[PDB]
Structure formats: C-alpha cells, structure tokens
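[1] no FASTA, just this:
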RNA sequence: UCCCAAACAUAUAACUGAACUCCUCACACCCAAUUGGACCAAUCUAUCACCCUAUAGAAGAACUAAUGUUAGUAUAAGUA
RNA sequence: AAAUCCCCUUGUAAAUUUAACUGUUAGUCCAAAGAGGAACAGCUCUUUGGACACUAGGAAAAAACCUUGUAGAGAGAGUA
Ligand SMILES: [Mg+2]
Ligand SMILES: [Mg+2]
Ligand SMILES: [Mg+2]
Ligand SMILES: [Mg+2]
Ligand SMILES: [Mg+2]
Ligand SMILES: [Mg+2]
Ligand SMILES: [Mg+2]
C-alpha cells in the first residue's frame, strides 16, 4: 500500500528498500559509542 | 471552524506541524461526561407475628427445562449446557499459563 | 443441475470464461510498460562498426582465467602433522 | 483508566444492545449492518475465539 | 502371572500420633480362576460398586446371574477376615470401594463346523477383585444445579482476554 | 509440535535487569575422566580456559571432579532451581567454550514455546478500549425510543 | 556372527512420544502412529505461513473496526498515513486502536485531514499552493 | 528466452542491472522485452570517483547519486 | 520489527546482537512517542535530540526446537530437520524526551 | 536372549527414571547434596550481587537460633569444644528497622499525597511474608540458610533475608543498602494496583472524609452509561460528581459494585497511584 | 433426488492479495528411475575404556506393507 | 507462410575430448501447423513450444489454464 505515491515522491516503493528507516543503525551504546556495522 | 473529526465523544484532537516541518504534534486532552447527561441512581426498588425467615425457593428441575431456562436467560444455545465425557474432562489444562 | 460435460477447462464444451475490469487494467499497464521499453531501445549510443572489438581484450582475459582455473585442478598437498595428529586420540592426564 | 482487573475486563467484553428501524429499508442493507454487530466485527478487540457478539433488535 | 492384590494386605503403616485423624481400614481380597466371562462379571462388579457391604449382599442374593453367588461368598469372607484380622469393630460399617474383573488364563478348544471346517472356541476364566473400606459409604455426587451452571458460565466469560495483542 | 509441547509466557526472574543485572548461572559441575578419549576435549578445556572463565564470572561456582567415566558431563544450576545437564562426550575445545558460555547467559527458564514475543504489565496508558470509548452521550442520557416524565 | 537389533524399543518410543496426546489406537500402535505423526509434522511446518497470513488479516479487521468507529474506511486510513510519511505497520496500528484510543483518534484525524487536503489539491488546477500536511521531507 | 535472461544476469526479479546501450546488447534485449523493464541511466553528479565509490546509491527514479548522506535536506 | 514499548517490559529479538548480557544500549529509531494528553510523530523518524530510549540485555538463549518436515505421497520423499534460532531478551529501562519542539 | 550390553544399560536408566518419577524423594537441602562448599558458595554470593560483603557478618547472617539449638542437642547426645556462633537476631533487627525506614522514605517522596496508613500498608506488603520469601528463594538465600529442618520455614527465611540486609548495611553503609533494597524490594510493586497491595473495606466511606479534608463537597453518584439492565449481563458506568464536576468513573455488573469501583478510581487519582503515573526512577543518581 | 452463497443500482481508486522481491539474522538443508557424496544405530575381535565409552578390523549389521511365517490379543459378539 | 541452417562482434561460462558404468525411452494435457480414399467436430498419428510426473498463490472443488521457482526462523513490508 502506498507504493505508487512513494515512487512519485522519489523514494522506494517498498518503505524497507532504502532510506533512514533501514539504512541507519538501529542501536548504539548507551555512553555514545557507535555500534558496529550490521551484516545486512 | 474546520475539524477533521467531531470532537465530542472521546477527545479534542489538535494537529500542528513543527517549524522545520519534520515532526507532527497531536494534543488530545480527554473529555468528560457532563452532569446533565447522567441519570440519578435508581435507589427505590403489617401485623406480622412470625419472623420472616429465608425460605427454600430452590425447586429441583429436570435436565430439559433447566437447560431451556439457561439458554433463554443467557441468549445462547442448548448444546453448551450438556456435560462432557472423561476424555475431554481430563485433556483440559487445570494449570494454564498466566500473563499480565 | 448445471453439469458441464467432460472436464471444466478442457473439452468441446468447457465452462465459459469472461474477463474482469482489473484483468484489463493489468493488461494495459503491462502494455504501457513495454511502450516505455520500445522507446528506450531505439537510440543506440554507437553503431556496429564502432563497437566492433571494443571489448575483445577484456573478453579474452576473462577466458584465460577460466582456462587457468580449469587447468589448475590437482590433488592437494598431504602433510605429516595431520597424519601424526591422530596420535592425540589416546592422550590422557598423567 | 485505573480500573480494577475484573471490572476492566468485564466492561471491555460487555454486550451492547443496538436498535434498527427497518421501515422502507432494503433487507440486505439491514442485514449487512446487523451481521457486523452480531459477530462483534465492529469491536477493535474482536476475535473469533472470543464471544464478543452484541445484541441486535430490529423493528 | 501377577498377584499384587494379595500382597496389598501385608503392607503396614507406622503408628499414628493422636494429632492426625483415624486412618480408615482397607482390605484387599480377590478370587482367582473363576469359570465365568470377565465381561459378564463386570456388570455385577459395577452394580455393587460404591454401595454398603450388607446392601451389596442383599442385591447379590436375589440376582439370577451365576456370578452373583460367587461375589456374594467373596464379599462374605472379605467381611470375616476384616473384623477378625484387620481390627474392624463393626462388620456392617463397610462399603465397597472398587470392584472389577480381570481376564484369567483360558484354554483353547476346537469347535466343529460343517463342511469339515472348524472354529477355535475358548474356555474363558476371570478373576474378581474387591476392596472394602471401613466407614459409611460416601454420599453420591449431587446433580449439578442451575445456579452452578450460572456461575461457571460467568467464570468463562470473565476469564477471556484480548488475544494476539500486547 | 506446539499442541504436543507445553508453552509459557515470556518473563524474567525477579525483574532481573530492572535495577541491576544479576547473573542467573549459579553453579557448574564438571565430570572429567583422567583416561579416555571421550574426555580429551573436556580435559584440555580445563587446562587453558576454566581458569579464565572463573575469573570472568565471579558469582558462579565451578566444580571440577576427576573420576572414571565414559561420558563427560556438565551440570548447571540456577537460582530458580532449574537444573541442566549437558554431555561433553567427544567434543572439541572451541565448541565446549561456546557451550559453557551459552549456559552463563541463560536465565534458567524452560526452553519451550513462548506464546508472546513481548510482555508488559501496563499494555495501555490512556486506557483500554471499551464499547463506550467512542460513544457520545445525549441529553440526560435518554435511551433510544423512550420518553421521560 | 549373528546380529539382532537390541534398541528397537527406543527406536519406536521416539515416535510414540509425539503421538501420546492423540485419540484412538493411533496413539499407541506404532504402525498407525507413524503415519499420523508424519502428517502432524508436515502440517506444523506449513502452518507457519498460515500464521503470518492470518495474523495480518486479524490486524486488518481490528483496524477497520476502529476506523469505522471514527467514520473512516481502511483504505482511506492506510493510504493517507503513508502520504504523511508515518510508516506504522498493521500490528502497531491495531495495538494503538486497542490500547491507545486517543492516539488512534488523532491518527484518524490526520488521515481525514490529509484526505481533504488531497481533494482540494485535485480540485485546483495546480496554481494553488501545497497543503500544510501534504509537504514531504526530502532526504539526501 | 530462458537463455537470454541467463546471459544478461536477470535471475532474481526486481534486481536492477546496468548494461551498455550498444546494438549487440540491444539485440539480446529485444528478445525478452516482454519480461523486463528498461530505463535510462542518469548521472546528475557525473561518473563517480574512487573517493565516493562507496557513497553511491541508485534511487528509484533512475539516477545514481554519488552523495548519499541519509540526512534530511535543509531546503 | 516495530514494537510498541513502554518502561519495564520485555521484548524478544530472534537474533544475537553480539553484546554481553547486562549491557545497556540505546535505540535511535523511534517512529512515534505518545503520552496521556499529547502525541508526537516522526516523518518518518524523530530527531535524535527529541526522544531517547534505552534497553538492557537480560537474556541470550536459544529457541525451542522447531520441526521442518517435508513429505510427498507415493514418491518416497520424506525429510526432517530440527533448528533452534538464537534469541535475545531486552528490558526497556527508560524513555526520555526533551523540550526541543521549537 | 539377545547378546549385548548397551541396550540393557540404557533400559535400566529409563526404568530408574520412571521409578524416580513414580515416587519422588522428599526434598533435601542443597548442602547435603554433593558438589557443595560453603566457603566457596558464600564467596560468590557477594560477587553475584555485585556487593562487597563482610565474610564474618555474612557467615553469621545465615545462622538461626533453631539451628544452634539443634547442634547443641546433637553434641549433647554424643556427649562431647564449645561453639561461639552468634545468631542473626541483632542483624535481622538492624536490617528490618532500616528497610522499614528506607521503604517508608522512598514511598513518601514518590507519593507525597499518599496517606500515612496507606504508606504503612505498602511497606507492610513489601516487607510481607511472601514477598521476602519469594525474593529470598530466587536469590538462593534459603540454600545458604543454616536451619534445623528443610525446607526453611517462611518466618525463619524472612528473618534470614533481613539479616543479610543488616550485614550489608554494616559492611557498606546506608547509601549502598538504599540502592540494594530499591533494586530488589521496590521492584515488587511494578504491575500491581494500589488496592491490590492495600486491602481496604468501604472505599466510599473514607473517600467522603478525604474530600472533607480537601474542603470539597460530598460526591454524588450518577449513571453515566448503562447497558443490559434487565438482562443477566448488565454493565453500569457510575461516575462521581463534586460541584457537578466529574472526578472518577467506575464500571461494574451491578450499580452497587460500579459505585465501589468508582470510589476506588477516585482514591487512586487522589492518592496519585494511577496507571498513567510515571514509572519509578531506577537510574543511578547524578 | 432438491432452486442454489447470502445480498446490494448513489460517500470521491484506493485497498486486499504468494514460499515473488525487499528488511534482522542464518544459509549444503523442497524432483521419479538413476548416479555422486557426508555421516551412523546395534553386534563380535584387537587395543583402550570402566555407570557404557574411544581408535581400528569384521559381518546372519537396522522392516508402517510381499492375501509374507510363528506366537499373543481384539473386531463381528456375549452375537450365531 | 511462420520460420530454419550458417554465423563475426557483444553479452556471457561454458563447451569438446578421455576413463567408468547404472537408469529412462508402454507418457498425459494445452497453444499452433498439419496427416489419416477431397470427414469443420470427434477418434488415431506426426512437428514446434509450454506445463505436468518439483514448490507456492489464483481460477469454486481442480496433475496440464494464469502468476511464481533454489529451499530456514520472524506476531514486518511492497507486489504478481
Ligand atoms: Mg466432468
Ligand atoms: Mg466329516
Ligand atoms: Mg525466495
Ligand atoms: Mg539460501
Ligand atoms: Mg538382515
Ligand atoms: Mg506382514
Ligand atoms: Mg449383530
């Protein structure tokens, strides 16, 4: 749902394709240390 | 004047956008029932020489009429009021897991 | 009532079938997609003469790696330590 | 809502009586909006294994 | 073979302190290798199951089935050693706890049929088991009343949760 | 299958980690044979790693008993009373270390089907839904098709 | 050297234990039990696909029920939230409806407000400016 | 047509692949034009350099932007 | 996965996060934060300076055995496999917000 | 007869497991079981709790008066030297006195409007027999407890738990013990209602006096919502109005039970123990 | 043999929909006949091991099915 | 007539030869071109392609019609 609108706006049809919602790291250490990169 | 939804039953919903437009603010305070929309609580419902004791009004009923009375008072069917055999009575879990 | 002679989808008297609205909508949107494909395939960047032999060097080197990989098959080296490591199966504390 | 456990569950799984006036109405449209109420399909907490159906009265 | 029922009368419990109540007397008795069908004897065992010893004797005395007199003697001798050897004060203060029949050892004989055929018949033998407990028979379970149905239905309605969610 | 295996809800032990984290592993007992190929992996494990593992986890008591046996075993006990027994019959050293480390992180609860991948004692903050949540109230709350006075 | 199987009792017990809760002779006879245990194992493996499908359908039903209480349709609510760059899946939307009625009502208001904005934009010829909630945040 | 799809490396569906716009490639593409979607390549930032080779991202609209920051546009 | 979390609750991740048990981390991807009277939404994500949520690892265990069986009638096709998926349990400790709306 | 040994050996273990399950042995103390070392176990006890306990205080914390008497009886029968062990009676009183004060102080800051009687009951509930026993069992306190019989009685188990708290208080101090009790005793009232921890009779009766104290008029009850009144499954939403202003709403199957629930809801809001209240702060202070 | 889902012309085109694809993680782990491999229960022997195992050699070396053979017990049936 | 054979570039990674043998060639259905004394169908038989005897979804139930394959867990999502 909403894929066609996403394609018009210039984003991926699948919201999980590319963008901050998936590309950005999900977690980081409490003190502020960045987490290691994920395999995906 | 405009309202996306009529705010009269659950909560008044206000929608706003941040200065940068990257966040949506929704302030939804709850509503209360007005005093004028309630009914009062229904409080209202001789030469006696003998004490009026609690009399046994529990009359025995056959399986037929007793099930019929249960079905009409609970608006259900007659099937669920019949007993089950030992096979099903033993497969039931007397110690189910508990959550929340 | 309502028997169909023979099978439903094969035979002389089959079950009649009709198209739907979304069945058409799917066909046109597929037809439009190829219309895009037909247009974008009509503007080659170069001609056959210009392209002739512009990738021959990379193709040849790729095949030489394929030849080298195929001709390098041989039994692996056999060492003495791995054959001697089986002596450890009887190792025990003093 | 600071409700006790038993009253909170009781209110959530309660039964609501609905009334419908069928005068000059198509039976199917009447039956359409009555099926959801009877099955409890209008409840956000609906589930098939849960007896969440409601009462429907049609005049 | 197995003869555990006979040994059940040889188990001895430790002496009881005055704080705990009286342990009711129990007697295990059984008769082996009875020329009877275990299925047929099952009906008599179920009939006298849960009743008093003397009521069971009265019911068995006037029963026309052959197995009735066999159980009647078994109940009689079970009552005898109960008072005599099992410290039972009143011989009529006994009720049947469990009565059942088990398959005994059976022989295989040939039953002749026509056209030279045959069928293997079986001489059925069975055992009868009985346990007597001192004291009046427990009252039978009363029928479940309508109010009992009412509260149970309420409990089911109150025990339902929102499923497949938090 | 799930219908043939008991299940339980997701939970912890005494709200572990809410204020502080308490290691759920409490005791480890190792059975090792001096002679025998089945205990070679167990033997070399305690030569080089059981010392370092003990220092890493100070709240866990480790017992190493050396007796003749055909199958080396490790027994793990938790504060909730659960007991886990794992055989060390003919395994290597890098894989017993992973096996031993796994028992340390476990909370001791039964490893069975979990009904819900989430658990909370307060599923709602604004109140659970009820049939009157989205129902307006009329004047004096008159019922449908009724009159007053 | 004559060899005979000595652990057949354990070989059949590993199958009979999975059928202990069945009904009939197929819970104790190995010949019958092996045929139904295989079917039970196969059904369990393929039931995982059905669980994912059925759970989504349950969420859609609950979302539709809550939306209809707010005078909204499920297609209208789902599409408008996507146009608002609010990427909430069906589970959390159902979770919000059941447990956070006021938050869900705000989301329904947002969808309806967005729906009216799109209608006005389509009503115009494009000369009019964009809607307040129709603006999209660009990411580079 | 199966072999042609094999040659162009189009095994997994919905997986974009770049190809040279030359008559030889065009000839192969014309056979399976009913199974694929063809779009041109746009390079608004030009051909990527070695420094930014890890920062490229092929957006859904058909261009390969060499600067991927995962940050909202300040405009 | 999208989780509706609050304070003092447990959620199960069907994976290993390569973290020591007891360590506390931060979850930077927050799509919605709501309260009794107000609710804030991200487009599609909230700013890092607006909301902060932290969780603590409390369990790293394996899953119960799962049966993967495949059978085809009259073809002698029967295969069985048993797998256990590593999982991690996290307890959400606190959810904090800051007055950075302006 | 089939030649072989492994199959018979495996079968013997299976039968013994069935024999064990048929009549499980009575529970025995973990100390009497093999693989035990009191010095080693009590050393890891402090490290497991991330605390620096005192060996002498901790060792005598688990000693009970009943255990001392049993040992004196055992040596008297053997006719045999004198023990110098000290019971944990004084340590338990120190732990109990501090825990009651610390719990009372902690709840007063969190709920300033909580009445004193409500404060006492919650502390009584937290220091109740079952709460400490449940915590002690899950903290392996009973395993190290030196008693005369197994399992340890709840009264003895509770005394032992308060003893180690006093031992920690002497070894570490009030500031460290305050964090300890918060981490293991405060956490026992997470998902429980105020009246689920403080049993009360007549919620409306003291609701009137509470509004009397706040200089507010008496609440009146009115029927906000009703459903199925004449049936066997009714629902009544009774709300309380003061000066024609709603303060609380309460559901119930009958009018009477709905009114009591409305009173309970009002008391929770008045005392600040609502489900919407902010969660307890377990973060280390700055 | 007994029609056959129940229904509904009027609230702005999206939405629903696979084991296809994407996301976290892990990947030898869904074809007949046939072929190529990786392992392995149980038993004997050589040497170990000593609450039942290890490395090798050997073989009467593994049964949901042949109206399969022998033995036991059910079904019809407490029926003829 | 549709089309084939041959075939540099290019896209690609396969192909030929040597050694060693087992197993299949009693097939079905659909689209198309045909043949069976100058038979519109039907019956039988050739040729090209696809599917089936290998997964899943959809046409009501569905071996052969449409969508789709490379294999696991997930209480995610976009689509055919
Ligand atoms: Mg037909
Ligand atoms: Mg004759
Ligand atoms: Mg796939
Ligand atoms: Mg794979
Ligand atoms: Mg053989
Ligand atoms: Mg046979
Ligand atoms: Mg008959």
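    Noted; the coordinates are in hand. Numbering: from 1, shown residues only, chains lettered A, B, ... in the order given. Ligands and ions are numbered 1, 2, ... in the order given.
[2] contacts and neighbour counts: CA atoms only from here.
    Fine.
[3] Count residues in the vicinity of residue 18, would you?
    Answering for chain A, as no chain was given. Neighbourhood size, residue A:18 [other CA atoms under 10 Å in any protein chain shown]: 18.
[4] That was the other one, I meant chain F.
    Neighbours around residue F:18, by other CA under 10 Å: 22.
[5] contacting residues around it?
    I:8, I:91, I:93, J:183, J:187, J:282 (CA atoms under 8 Å, 6 or more residues apart in numbering or on different chains).
[6] The closest residue to chain E within chain C: helix or strand, and which one exactly?
    Residue of chain C nearest chain E, by CA to the nearest CA: residue C:22 (34.1 Å). Using DSSP states H and E, residue C:22 sits in helix C:21-40.
[7] quick one: is that helix near chain H?
    Yes - judged by CA under 8 Å from any CA of the partner chain, helix C:21-40 comes into contact with chain H at C:33, C:34, C:36, C:37, C:38, C:40.
[8] Of those, which is the most crowded?
    The most crowded member of these, judged by other CA under 10 Å, is residue C:37 (20 neighbours).
[9] From the centre of chain B, point out the most distant residue.
    Here chain B reaches farthest from its C-alpha mean at residue B:20, the gap being 46.7 Å by CA atoms, centre = their mean.
[10] Look up how far residue J:233 lies from residue C:68.
    According to CA to CA, to the nearest Å, residue C:68 and residue J:233 sit 85 Å apart.
[11] Who has more neighbours out of these two?
    residue J:233 (16 against 11).
[12] starting at the chain centroid, how far to stretch F:24-39?
    Offset of stretch F:24-39 from its chain centre (CA atoms, centre = their mean, to the nearest Å): 22 Å.
[13] same deal with stretch C:13-33?
    The answer for stretch C:13-33 is 29 Å, by CA atoms, centre = their mean.
[14] Chain I contacts on chain C?
    Taking CA under 8 Å from any CA as the measure of proximity, chain C makes no contact with chain I.
[15] In chain C, which residue sits closest to chain J?
    Nearest residue of chain C to chain J (CA to the nearest CA) works out as residue C:93 at 22.3 Å.
[16] ok, how many other residues are close to that residue?
    10.
[17] now residue G:129
    Residue G:129 has 8 neighbouring residues, counting by other CA under 10 Å.
[18] What lies in contact with stretch J:62-74?
    Stretch J:62-74 is contacted by residues J:85-89, J:144-148, J:156, J:160, J:163-164 when judged by CA under 8 Å, 6+ apart.
[19] Next: stretch J:204-215.
    By CA under 8 Å, 6+ apart, stretch J:204-215 touches J:217, J:218, J:219, J:260, J:263, J:264, J:266, J:267.
[20] Would you enumerate the residues in contact with the residue in chain J positioned nearest to chain A?
    Closest contact between chain J and chain A, by CA to the nearest CA, is at residue J:283 (12.7 Å). Going by CA under 8 Å, 6+ apart, residue J:283 touches residue F:19.
[21] does any part of the helix or strand hosting residue F:26 sit near chain J?
    Assigned by DSSP H and E, residue F:26 belongs to strand F:25-32. Yes - residues of strand F:25-32 contacting chain J under CA under 8 Å from any CA: residue F:29.
[22] Can you point out the buried residues in the following helix or strand past that strand?
    Next in sequence after strand F:25-32, counting helices and strands by DSSP H and E, comes helix F:40-48. Neighbour-count burial for helix F:40-48, with 16 or more other CA atoms under 10 Å in any protein chain shown as criterion, is recorded at F:40, F:41, F:42, F:43, F:45, F:46.
[23] again, but for stretch D:8-22
    Under 16+ other CA under 10 Å, the buried positions of stretch D:8-22 are D:8, D:9, D:10, D:11, D:12, D:13, D:14, D:15, D:16.
[24] quick one: which of the residues you listed sit in helices?
    Among these, the members falling in helices (DSSP state H) are D:8, D:9, D:10, D:11, D:12.
[25] and of the residues you listed, the nearest to residue B:43?
    residue D:11 (22.6 Å; CA to CA).
[26] Looking from chain E, tell me which residue of chain I is nearest.
    Closest to chain E within chain I is residue I:4: 8.4 Å, counting by CA to the nearest CA.
[27] Report the contact partners of that residue.
    With contact taken as CA under 8 Å, 6+ apart, residue I:4 is in contact with G:92, G:95.
[28] Tally up the residues packed near whichever residue of chain D sits closest to ligand 1, please.
    Closest residue of chain D to ligand 1, CA to the ion: residue D:28 (34.8 Å). Neighbour count for residue D:28, taken as other CA under 10 Å: 9.
[29] does it count as helix, strand or coil?
    Put simply, residue D:28 is helix when judged by DSSP: H, G, I helix; E, B strand; the rest coil.
[30] Kindly indicate the member of the contacts of residue F:18 with the most neighbours.
    Neighbour max across the contacts of residue F:18 (other CA under 10 Å) = residue I:91, 27 neighbours.
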